Amino acid sequence: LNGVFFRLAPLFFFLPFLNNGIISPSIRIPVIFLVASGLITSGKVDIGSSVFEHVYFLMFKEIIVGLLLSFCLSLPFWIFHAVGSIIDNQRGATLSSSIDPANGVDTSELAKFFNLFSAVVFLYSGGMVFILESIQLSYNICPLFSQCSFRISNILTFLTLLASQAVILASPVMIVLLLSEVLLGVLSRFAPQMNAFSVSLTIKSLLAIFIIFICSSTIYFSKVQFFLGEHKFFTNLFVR
Amino acid sequence: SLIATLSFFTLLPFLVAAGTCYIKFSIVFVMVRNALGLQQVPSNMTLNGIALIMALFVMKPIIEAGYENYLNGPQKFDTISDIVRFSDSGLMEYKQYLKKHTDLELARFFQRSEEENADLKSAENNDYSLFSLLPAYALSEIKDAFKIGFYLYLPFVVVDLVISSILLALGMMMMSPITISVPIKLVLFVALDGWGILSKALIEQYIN
Amino acid sequence: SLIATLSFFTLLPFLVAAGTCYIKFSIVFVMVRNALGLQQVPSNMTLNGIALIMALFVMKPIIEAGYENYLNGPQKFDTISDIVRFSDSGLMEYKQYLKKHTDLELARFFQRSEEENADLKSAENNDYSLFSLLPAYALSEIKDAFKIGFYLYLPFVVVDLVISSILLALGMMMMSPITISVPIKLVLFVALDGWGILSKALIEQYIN
Amino acid sequence: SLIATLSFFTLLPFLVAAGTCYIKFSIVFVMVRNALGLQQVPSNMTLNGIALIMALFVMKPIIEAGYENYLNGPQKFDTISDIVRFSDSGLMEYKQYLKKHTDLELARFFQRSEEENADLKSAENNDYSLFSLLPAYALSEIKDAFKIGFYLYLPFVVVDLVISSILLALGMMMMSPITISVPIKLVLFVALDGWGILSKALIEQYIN
Amino acid sequence: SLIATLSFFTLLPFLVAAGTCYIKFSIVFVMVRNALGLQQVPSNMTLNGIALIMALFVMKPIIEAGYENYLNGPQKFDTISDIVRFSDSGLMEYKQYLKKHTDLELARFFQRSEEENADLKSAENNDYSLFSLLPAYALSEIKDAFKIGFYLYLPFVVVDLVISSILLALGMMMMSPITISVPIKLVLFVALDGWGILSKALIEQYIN
Amino acid sequence: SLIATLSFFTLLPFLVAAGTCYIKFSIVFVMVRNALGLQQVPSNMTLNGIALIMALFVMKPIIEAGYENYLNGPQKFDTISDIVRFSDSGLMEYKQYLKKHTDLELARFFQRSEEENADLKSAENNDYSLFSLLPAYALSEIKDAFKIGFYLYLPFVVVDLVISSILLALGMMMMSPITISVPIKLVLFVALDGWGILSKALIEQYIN
Amino acid sequence: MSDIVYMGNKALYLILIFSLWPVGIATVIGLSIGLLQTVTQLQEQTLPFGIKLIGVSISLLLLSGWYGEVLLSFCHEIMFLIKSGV
Amino acid sequence: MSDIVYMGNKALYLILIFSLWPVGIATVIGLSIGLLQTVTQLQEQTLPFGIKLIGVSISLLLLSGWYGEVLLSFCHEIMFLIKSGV
Amino acid sequence: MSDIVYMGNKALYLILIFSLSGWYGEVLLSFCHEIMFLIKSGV
Amino acid sequence: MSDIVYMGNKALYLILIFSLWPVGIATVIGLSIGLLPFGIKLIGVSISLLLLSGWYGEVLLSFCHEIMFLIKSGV
Amino acid sequence: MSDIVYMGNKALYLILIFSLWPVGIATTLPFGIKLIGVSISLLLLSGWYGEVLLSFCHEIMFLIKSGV
């Protein structure tokens, strides 16, 4: 039963912002035995198991499987993270661009609310459900044996539409904020004594928040679209 | 099969803490502690104890059905029957609970995952065994708990954004606004009586 | 039936550390430590140890009531009777304490939660069992300790704001003012006699 | 009755590390690491190891007193008497040290806290029990160590102000002076013999 | 001799992640993230994740050699001895790799600095033990990764220079040009399809 | 008396990592990483790993002294005698090493620290006991390592200041010159063959 | 889905209110003083910042009470719809 | 919640006083010299900063002690009302 | 140090080419691609 | 409280002298030229950090040593 | 202090050299032409400039082992 255990435990830990370190490690371990004691059944094989279990090589294969989904499934959240990130770049966060202060504080500014919104939004249709369905599809495709990783090598080398969907979301945001910065420059040209920190920062911050409102709504609809896109990508990658 | 009962007395309350309750309470308390700055509560003692107390608190009625029918007899001075109907009826109560809060979607999808239920074609959720009942229940509870926790998170992150906004407006490029956020949040957490009301919310209209 | 006394002894210091005190002191001290910059104390050594010492320190008078009535006899060299009135009277003292600092609102909310309380017909607050008494008390102490700590928090945040104001006023945008904050904060922390007044305040006018 | 001696020995070095020294040295070293930029030392290795070494080092006189009177005998090769005067006399040595460096304010406030002290009417500081003595000493040592560390702090902040003022007098607003401070600070830290003098200052005229 | 093999298995993957790969990819992607303004990617989730994924992928062929001669062999259907020659031959493959990419300069300095090789007078690079082999190889990978990383760095710095030139030429002296850099870089980062070229190149024209 | 040797073996590698080497290498590598901008390396993986390898790596000649006198027999396949001359002779080698690199000033100040040393008045540095030897050596190694690291530091900060001077001489007041500094530093870091000379210099002129 | 969107809209609106007022105050301060950094120009570097600080402090003096009230209402409402959030 | 509002108002007023005096001195100095960076302009970059330093230094010399006194009072009160803050 | 000189030569020549606005940005696109090519000529 | 204030006054006076000299040099330069100039200013300021440094550092050096001494009596 | 002082003097002098040449290179229209000059600096000066730092920096680390 261990094999499915180390297909699922990679799944659970590798996929943290669905099931993360907020959850106590004593609650992240039992879900493995749970979902496996579900899944493993009907695979009743009684044969002679190697000395030292040479099928440990098979173990290798299984680990990779779980990891794949997680980082690929991380694309959706991250595109939202990237959106939030770039916006606060023009507002406040990018002032950590300098040599290493104390920690990544300005990560917490904006993108974390996007992470919460996106993670909640799964739970209308499904949080961990579609992931597990695709994983059962992989069980159908590759249950187990010596032939461990068919084409995983070229499956790994791939393209993800991170900034593509980020732009799909934030195009007018970025263009208008660029124009506003150029308006700040026109303000400087009007009077050469502006010392932008005396002027600009407040304006770009307020504008960023307003645009985040309207783009949160557009985010809802673009989110359902993005979910469909990533579903197609995963189907392709696991079948190949 | 008395051995199994007592060795599970040694082991199982952990699996139970992963079994019906103890998930959402601990989760929500960690959500509460991830705001307000640091841990600010002892991770190893306080919140876990609270979760255990509140969880046995929750489950007193299912254990009550068992106390009438199961618990009173396995008092080891009675040398009670091996646990067939004790298990079955306590499981009936546990089943009614689990199905109070288990999604059908997860039920069918994990039934397909097992390859046992997909071939066996189970229709009643009481005909889903506890073995099959566990994982869909846990995941559905996870979804509900995450929903509740982030909806709880909302005002504190609002305060964080507010203070950061004032600072970035004033040119306060260098600051740890989190610390300024640290006090303000709890005012609401205390002044709206939201700790007691939240405990009540989860507690009662979880069971009902 | 000495068994349960010693097993529940092995269990109990955890429940006690979560049951009357030790919440508020650890809370307040981590709150003090989110000022001054870094941890600046060993989270794994010092402050929680201080919390333990002050914990037993504070609980000593309830233990004195039990020392007259309970503790003196279970000294195993006295061969004491089975625990009937030891539990009853120590519970009476613990009850008076818990109800010194428990909200009735939480009492009734967990009464509805348990459904033990609804069927068992609980009228007096001494008729609410200790198990029912525990989590409500924990909630209320959480509220009180939290409020105290964040009302302590605010001034150091004020000082941080002042330092950043001065720096950006002269235009030193690029700075980590926190470090220049570190010394000044200390002076007040020391100049107020503030940790001594904090310990004395919590200690004396927690118990009284 | 060797049991308690060896069990409390297994327990005790933590309470000792919170009991006489180990506070001040770790505090000062963290203050030093708050300058110079990063941690610059492994918090999980170096400063705590140094703290332990220098701690046992500095306690070697108190340990010498307990070594002649207490420690040499419980070496199981002497088959020493049951611990009556070992505890009392080691407590007397710890008492003399503690009263070297404990405030009376803390003593009286914590005496009102225990409420055993109020009823027992303790007048001499040697009549204050060790358990009562410990946390007052801890708080007093905290205050003294804090005062020392921030009086250490002041000059480096002076240097940072100097570097900024020079740059901004030239108008080089866009700079991270911290990094330019990074080398200069160490120079003084080493050039003043400040590492060795700090260690010797704390060490020799801590105990004397 | 299962014991030590399995203990060093519990220990070793960290030293391996510091032993062949995992340096250069992490440094590359961090240099990538130091342009574009903020991190713009999760420091704590994705990028070093990709580093690990590419690392295991890239180390697959050594495991293929050890798959033919070791990882096929432990089977009961192969009737294998305990791990004597499996380790030796896998180490021979690892040796051929490490000596693909280790310097002789670092090797001799590290030989005499261990003084095991200095006094023992080792001649073949296969007679240099794996422990002595690791850190020099790591250093050489560091230097190559740094060359590639800063030669990655140049373009966005050129873009920033251009933006500053524009602003100062038009009299827009007061601006934070970094923000204007953020979108254009992003556009270019996609508009040339360069991330996939970088990743595909790193993987393939590393291993092939 | 095998117990203490093996328990302290479980305990000791930490205290050794704080006891002879492992300080200067890690410190210097962190100094290297505070140049070039960001962390530029994995803090939790690479640099301290290199430090451990280089650490025992470097400690090997003392272990060769023991290999003749100590090490050969505690290979538990030799069934060696109780540790009389193992400790004495390894301590003598450690003594000669520590006295290679311990200052007398620290020795006398910490001797007055221990106050058994002040009462006992030790004159020879071989008459200072091992525990007495440890912390003075720690302090001396701290001073040497810090000197080395910040002397490494100086040129990159020079480069930063010079690029700022260029931009401000051209009137380009608004810039984050650090990023343009990022490539240039690396080339010096390589163009000198300088890391190899650093490692070799640490290497031989540490031990010789 | 829909309820989550309602949550996000309401949250961002509350943020808009509280974060809106002081940042607009700071905007007006900086723009006005920069316009006074014109005729009788008088530019050193930073000066307008000082008034900025004053403004924001006055902001927290002027608005405070009802500001708190806002959160209270919504916060209570949140817990209410907690029982319809499942 | 009324008490919370009173708390915030008090703290912010103390901020007002403490941050009011020194930056007011600096403002006076910079305004005077910047007005002297007009007619007989002679405006290079930084000059008034030097005189600024004098005033600022004297402020941190003269003001400091009693300034801390302000916080002293309020801080003491908090601890007292800690017992009524429960 | 000479290789850095050549890289800066190309980049600063492009800066000269730049310093009309819109299509000017397009110029950067081209060179950016070429940069990554000679990325594998940096080692 | 008073003694701590006296300590801070000493530190601020040392700050005063160190920050007094170079800005006076720059003041002279800027007045004269204002009656381009940044370049001359650069020279002076640069030379200051070269020219004055040693004995200026010495100031801090001396006082810092004294501090550590009375560190022992700060208890 | 002795070696410290020597190190500081030498570093500040190297700073002087590098920060001195670019304005000698430099010796609103003409501003644009001036820009070319600074760029040509990194074209013209860099290599031997680095050599300067290179030399001293190498020696530093060497005499690092004798700087203790």
# chains A, B, ... in the order shown; residues from 1 in each chain; ligands from 1
>>> residues_around(residues="residue 37 of chain C", least_positions_apart="6", cutoff="9 Å", atoms="only C-alpha atoms", output="PDB file with N, CA and C atoms, in the first residue's frame")
ATOM      1  N   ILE C 178      13.927  50.662  12.222  1.00  0.00           N
ATOM      2  CA  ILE C 178      13.748  49.693  13.297  1.00  0.00           C
ATOM      3  C   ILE C 178      14.965  49.669  14.211  1.00  0.00           C
ATOM      4  N   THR C 179      16.166  49.643  13.625  1.00  0.00           N
ATOM      5  CA  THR C 179      17.370  49.561  14.447  1.00  0.00           C
ATOM      6  C   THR C 179      17.534  50.805  15.313  1.00  0.00           C
ATOM      7  N   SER C 181      15.181  52.466  16.249  1.00  0.00           N
ATOM      8  CA  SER C 181      14.103  52.300  17.212  1.00  0.00           C
ATOM      9  C   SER C 181      14.545  51.470  18.406  1.00  0.00           C
ATOM     10  N   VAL C 182      15.375  50.450  18.168  1.00  0.00           N
ATOM     11  CA  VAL C 182      15.688  49.485  19.223  1.00  0.00           C
ATOM     12  C   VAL C 182      16.135  50.169  20.515  1.00  0.00           C
TER      13      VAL C 182
ATOM     14  N   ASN D  34      22.149  42.307  15.703  1.00  0.00           N
ATOM     15  CA  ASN D  34      21.187  43.216  15.096  1.00  0.00           C
ATOM     16  C   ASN D  34      21.867  44.352  14.356  1.00  0.00           C
TER      17      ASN D  34
END
>>> select_by_dssp(residues="chain G", states="helix (DSSP H, G or I)", output="ChimeraX atom specification")
/G:2-36,49-85
>>> interface_residues(of="chain J", to="chain H", cutoff="6 Å", atoms="only C-alpha atoms", output="list in words")
residues 27, 34 and 35 of chain J
>>> write_last_selection(atoms="C-alpha atoms", output="compact mmCIF listing (two decimals), in the first residue's frame")
# COMPACT_ATOMS: atom_id res chain seq x y z
CA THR J 27 28.57 75.82 3.06
CA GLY J 34 26.00 80.70 -5.82
CA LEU J 35 27.05 84.33 -5.32
>>> atom_distance(atom1="atom CA of residue 164 of chain B", atom2="atom CA of residue 177 of chain B")
5.7 Å
>>> residues_around(residues="residue 121 of chain A", least_positions_apart="3", cutoff="8 Å", atoms="only C-alpha atoms", output="PyMOL selection string")
(chain A and resi 117-118+124) or (chain G and resi 1+4)
>>> residues_around(residues="segment 70-82 of chain E", least_positions_apart="6", cutoff="12 Å", atoms="only C-alpha atoms", output="list in words")
residues 47, 48, 49, 50, 51, 52, 53, 54, 55, 56, 57, 58, 59, 60, 146 and 147 of chain A; 1, 2, 3, 5, 62, 63, 64, 88, 89, 90, 91, 92 and 93 of chain E
